[PDB]
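This document contains two forms of one protein chain, each encoded as structure tokens and listed individually as structure 1 and structure 2.
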Structure 1
């Protein structure tokens, strides 16, 4: 087909990027993260007990208000790094960027207050492959592709730094307004995962010396590595570990070295301004780093993950026809 389509994103505090989709007839609207690190669509459900406080604070999908709903009921549990959601399968028409698609998705009935009370978004639209879909449920982008409307079998992510357009996902191509220079492509190394070979992580190559893996994860806020790798990285930066993050004396933030990720021959460099939440310059304040430990079990990991920290600097094209990821300088 001839169409490309776009989804406008909201940037909450540089940590959460999400857009709007519609589900059902008439459309019920949900804030959703578009997540290349997972493959299932889910939203919180009206059948979620309100003893889950996360279900009191998010928009709930009521299948009883949709005339296009089709029951399935297969129970599924989706295990993420920071928490788990559980529910049952449903089918309805989903509207994303003005493209309409019949889509199987999860109605979440069990949604833990931590971490999900911290989510601005209601749910997740997985942009991954059918291979990592729980229940082998056909992902939304595979269903969009089956319509033959998209110009290209690709989608692209722009995450703005400004917290104005928060971001943009192009379905069926890319947007030249939000990148510059050439794309550099790295082909995927594992079946059904948006994952690439990484050849080194430099700090001012201290880590990933004999190669490692990098997941390009649009649904993650930060750059992550294994607890071991990050502990080494953070010793090199002089950062202190806390419960859920690494921090430095805010005055030390602008003195911190460049972090470089060796991907497909090129070096992808983040400066301190790219990975330090510089909320103060005080020696008596602590400043959080957009880099945390996240141990990912096999078969996906151990692996680094490149989240919004990375994507903010590098406009990312996800190419399904040629199984590759393209990076260009974001503008």
Structure 2
């Protein structure tokens, strides 16, 4: 089964799901870096800006809704956000499942209030599900209709916007052969990166740092120290919320590579700077940024949309691995 995705300025890739009877539709991101299903609830007080311009879920218009109401909580660097657990039929790419999701009653506004999509679908493992709730993909496996205990991602360059494939891969969007990397500590789609490189000066992640293959992440992230180092060491200036470089001097910034289980994944200037134009006047942003991630998971890096745009990604639960292939 394939889920068509939409790309909002190469920074947000979402899809559509259906909750309830009749199907209440939600625009959502499929995040391999989280494990629950979250949708803005209708019972979400309007006092939260995140609950004013996004589809809300009304249990009141669903014949299939089942009440549980367990309070869920998750603090996210601007943390807070909470709600309760509800059950109901969700539909993804044709498939139907009786899933447990959270209805957001409280939300820290940002970043959400800027989301062109409404909710998030956790593609992560059951080991990290709030309330220890069975993840959606897990439930889909239970039905035994798929072909492979796997699912692949494809983020496009923007302006088809993207595509997720449940239970398989799609050859139309990648070339070459998948080179796999085993998961460090299964329970997380995290792999053992072996050094980041800025081309000549392979100074970074020397030894053995970690890396998250986060589809729900738009940029590539690393500790604040790491990013600072990598940043200026590119001619990249630091701003209020993202590094940049005069637009006209972007096309000649070094290449970035990630030594991942046997191969060198390289991103070029084109892959990491939004070349709004080539003016020698205006500034241009880099699809990279600080972001400090807390343990036990981190501080690991985060290979998000920037990476995925270039390398088609497959997550294979069957063998706790992850493949990468030149995206086409």
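Positions refer to the first chain, counted from 1. Here, rigid core means the biggest group of C-alpha atoms that superpose within 1.5 Å across both forms. Only residues modelled in both forms are compared.
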### Query
Which listed residue, 198, 85, 250, 193, is the one whose CA shifts 2 angstroms or more between structure 1 and structure 2 with the rigid core aligned?
85
### Task
Having superposed the rigid core, state how many Å the Cα of residue 101 shifts between structure 1 and structure 2.
0.2
### Task
Superpose the two forms on the rigid core, then give the C-alpha shift of residue 283 between structure 1 and structure 2 in Å.
2.0
## Note on the structure
Flagged movers between structure 1 and structure 2, rigid core as reference, every CA at 2 Å or more, runs of three or more, listed in order as 78-85
